[PDB]
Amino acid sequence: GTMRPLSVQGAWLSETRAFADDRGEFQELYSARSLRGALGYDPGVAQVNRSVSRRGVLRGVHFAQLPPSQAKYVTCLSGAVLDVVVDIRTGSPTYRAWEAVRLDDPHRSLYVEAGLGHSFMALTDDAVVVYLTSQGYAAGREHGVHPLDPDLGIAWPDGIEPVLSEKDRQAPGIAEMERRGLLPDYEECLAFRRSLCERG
């Protein structure tokens, strides 16, 4: 199994191996040892969440306030979603950049470190996503940026009408969140990553 960086620093793609035989398959979907080798730290699992989404449901762009924010390891267990990581970190060389990854097989997982924005859209009806998070979900620490903001310009799938929740529909754009001081700061994100590597 491999874990390699994506184009936004802090996002990683994990490709995991299937051992198959006549009885079915075994897969190591998540390995703390593999993550510590790639990242320098074990993110820990405080919560595992599962979300079932109707086709075209767009969940995002969400992030937890830093610190400690939430790091996420995301896998689509059935069906397919288009996952988009967004660099919401002010002062980042790639601030406002995004990258889309198709998660359409259980052997591909996305790791998003603390301080990045995460989103996905369900490409199939009732797509199931599981995600491990380093910190428990807390509504009070949870923030959102509108996923269709033209200031981000995410290329959501052609031909699928997005379905947003009330909360995601009324979410501010990135430029509003920026000037209100509600986005993470890139140097604070880097220092947090270094702190995790030093724990002990």
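Residue positions are given as counts along the sequence shown, with the first one as 1.
**Student:** Looking at the deposited entry, does 129 to 137 or 166 to 174 carry the larger mean Cα B-factor?
**Tutor:** The stretch with the larger mean CA B-factor is 166 to 174.
**Student:** Got a sec? Mean C-alpha B-factor, which is higher, 18 to 26 or 180 to 188?
**Tutor:** Per the PDB entry, the higher value belongs to 18 to 26.
**Student:** Considering only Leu66, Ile154, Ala32, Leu39, which residue's Cα atom bears the greatest B-factor as recorded?
**Tutor:** Of the options given, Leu66 has the highest CA B-factor in the PDB entry.
**Student:** Please rank the C-alpha B-factors of the chain's modelled residues and tell me whether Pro147 sits in the lowest, middle or highest third.
**Tutor:** Tercile = middle for this residue's CA B-factor.
**Student:** Can you work out whether the C-alpha temperature factor of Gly56 puts it in the lowest, middle or highest third of the chain?
**Tutor:** Lowest third of the chain for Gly56's C-alpha B-factor.
**Student:** How does the C-alpha B factor of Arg199 compare with the rest of the chain: lowest, middle or highest third?
**Tutor:** Its C-alpha B-factor belongs to the highest third of this chain's values.
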